Amino acid sequence: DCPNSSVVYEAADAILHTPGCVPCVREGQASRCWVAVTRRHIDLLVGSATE
Amino acid sequence: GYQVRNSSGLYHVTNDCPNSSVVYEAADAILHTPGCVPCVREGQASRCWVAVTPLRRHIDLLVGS
Ligand SMILES: *[C@@H]1O[C@H](CO)[C@@H](O)[C@H](O)[C@H]1NC(C)=O
Ligand SMILES: *[C@@H]1O[C@H](CO)[C@@H](O)[C@H](O)[C@H]1NC(C)=O
């Protein structure tokens, strides 16, 4: 449905299907997280930005 | 934490994941994005731009294996 941006959609889906808490550690503005996929896991760095 | 005074009473709320809030925010924003989130391979990861629901702010993220 949305194939070239899939990797994100997979991650986003894993965050929602995480019943617990996604473990994150803040790196200034951005926070580094480890999302487990239902072994393997997704590494993600998320941050906010303003123009 | 912090308190809330809504229509159903007086409450006290504590975020069980204070550092994980942007992740949940982004995950929601990706699903509410009607188009497709613009990604680019940036190394061994994927650099994406997520527009947040409304000085215009967005969410930058990198996903990897
Ligand atoms: C939140 O981030 C800070 C700074 O990276 C870290 O010291 C702390 O342990 C983190 N807290 C949680 C609940 O993950
Ligand atoms: C009451 O405030 C609390 C905390 O935000 C929430 O659990 C509850 O659903 C709110 N109720 C309404 C009607 O806003």
# chains A, B, ... in the order shown; residues from 1 in each chain; ligands from 1
call {"tool": "residues_near_ligand", "arguments": {"ligand": "ligand 2", "cutoff": "12 Å", "atoms": "only C-alpha atoms and all ligand atoms", "output": "PyMOL selection string"}}
result
chain B and resi 1-15
call {"tool": "residues_near_ligand", "arguments": {"ligand": "ligand 1", "cutoff": "10 Å", "atoms": "only C-alpha atoms and all ligand atoms", "output": "PDB file with C-alpha atoms, in the first residue's frame"}}
result
ATOM      1  CA  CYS A  21       6.944   0.639  27.416  1.00  0.00           C
ATOM      2  CA  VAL A  22       9.425   1.190  24.557  1.00  0.00           C
ATOM      3  CA  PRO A  23      12.824   1.634  26.269  1.00  0.00           C
ATOM      4  CA  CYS A  24      14.347   5.049  25.400  1.00  0.00           C
ATOM      5  CA  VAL A  25      17.335   7.115  26.508  1.00  0.00           C
ATOM      6  CA  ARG A  26      17.535  10.829  25.677  1.00  0.00           C
ATOM      7  CA  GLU A  27      20.447  12.135  23.558  1.00  0.00           C
ATOM      8  CA  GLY A  28      19.805  15.897  23.989  1.00  0.00           C
ATOM      9  CA  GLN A  29      16.678  16.562  21.879  1.00  0.00           C
ATOM     10  CA  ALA A  30      16.376  13.144  20.205  1.00  0.00           C
ATOM     11  CA  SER A  31      15.853   9.959  22.220  1.00  0.00           C
ATOM     12  CA  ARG A  32      17.334   6.553  21.219  1.00  0.00           C
ATOM     13  CA  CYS A  33      15.004   3.559  21.460  1.00  0.00           C
TER      14      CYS A  33
ATOM     15  CA  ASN B  15       4.134   9.118  32.485  1.00  0.00           C
ATOM     16  CA  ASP B  16       5.557   5.550  32.741  1.00  0.00           C
ATOM     17  CA  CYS B  17       7.886   6.360  29.768  1.00  0.00           C
ATOM     18  CA  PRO B  18       8.907  10.096  29.880  1.00  0.00           C
ATOM     19  CA  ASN B  19      11.750   9.626  27.372  1.00  0.00           C
ATOM     20  CA  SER B  20       9.574   7.466  25.074  1.00  0.00           C
TER      21      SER B  20
END
call {"tool": "interface_residues", "arguments": {"of": "chain A", "to": "chain B", "cutoff": "8 Å", "atoms": "only C-alpha atoms", "output": "ChimeraX atom specification"}}
result
/A:2,4-5,7-9,11-13,15-16,21-26,31,33,41-51
call {"tool": "select_by_dssp", "arguments": {"residues": "chain A", "states": "alpha helix (DSSP H)", "output": "list in words"}}
result
residues 6, 7, 8, 9, 10, 11, 12, 13, 14, 15 and 16 of chain A
call {"tool": "select_by_dssp", "arguments": {"residues": "range 4-49 of chain A", "states": "strand (DSSP E)", "output": "ChimeraX atom specification"}}
result
/A:24-27,30-37,40-49
call {"tool": "atom_distance", "arguments": {"atom1": "CA of residue 32 in chain B", "atom2": "CA of residue 20 in chain A"}}
result
21.8 Å
call {"tool": "atom_distance", "arguments": {"atom1": "CA of residue 10 in chain A", "atom2": "CA of residue 43 in chain B"}}
result
18.6 Å
call {"tool": "atom_distance", "arguments": {"atom1": "CA of residue 14 in chain A", "atom2": "CA of residue 37 in chain A"}}
result
6.0 Å
call {"tool": "closest_residue", "arguments": {"among": "A:18, A:34, A:1, A:39", "to": "residue 34 in chain B", "atoms": "only C-alpha atoms"}}
result
A:1
